[PDB]
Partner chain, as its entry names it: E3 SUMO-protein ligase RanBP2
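For reference, the chain that follows is the form solved without its partner chain, supplied as structure tokens.
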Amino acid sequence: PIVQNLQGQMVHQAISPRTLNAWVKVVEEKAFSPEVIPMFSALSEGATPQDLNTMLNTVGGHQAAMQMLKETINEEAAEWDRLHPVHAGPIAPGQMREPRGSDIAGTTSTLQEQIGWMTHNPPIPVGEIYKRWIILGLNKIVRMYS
């Protein structure tokens, strides 16, 4: 995740095993229960898209649920692109890059780009945006249940 350091900088920190252990445990016990959503949120504070994918990729099994989540993420990514259109061609200077849906999901963006966006002024909170998409998906996994 992104955290504040002593000197006021929003700096990148590695996802702790403590967080991942807690996530694995809630998925094992609460994957299809409402409680997975608050726990997901609580365990992904300041998370980059990379962190969120790390969390999701530790999910063993739950194939149908994971496909439902991926469907939702893809729908939101497609929607993002439509609501945030961009022009073709090279960006003028050496520094820039507007986030596309696949960037927010962390498939076509690097961590440094994600940090770049998240720490820009004003922030482009790609971590929070992706988190919303995941939560939308988790709500479908709960709402459709079986």
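By rigid core we mean the largest C-alpha set that fits within 1.5 Å across both forms. Only residues modelled in both forms are compared. Numbering follows the first chain given and starts at 1.
The same protein has a further form, the form solved in complex with its partner chain, not shown here; the description that follows concerns it.
4.5 angstroms heavy atom contact with its partner chain in the bound PDB entry for residue 112: No, no contact at 4.5 Å.
Proximity of residue 91 to its partner chain in the bound PDB entry, heavy atoms at 4.5 Å: Taking the distances in the bound PDB entry, the answer for residue 91 is yes, it comes within 4.5 Å of its partner chain.
Partner proximity in the bound PDB entry: residue 64 to its partner chain, non-hydrogen atom cutoff 4.5 Å: Output for residue 64 is no: heavy atoms all beyond 4.5 Å of its partner chain.
Residue 78, heavy atom within 4.5 angstroms of its partner chain in the bound PDB entry: Although its partner chain is absent here, residue 78 would stay clear of it in the bound PDB entry, with no heavy atoms inside 4.5 Å.
Candidates 42, 78, 111, 91 - which moves between the shown form and the other one, C-alpha at least 2 Å, core fixed: Shifted by 2 Å or more: 91 only.
Moved runs of 3+ residues, each with a C-alpha displacement of 2 angstroms or more between the shown form and the other one on the rigid core: After superposition, only residues 87-96 shift as a run.
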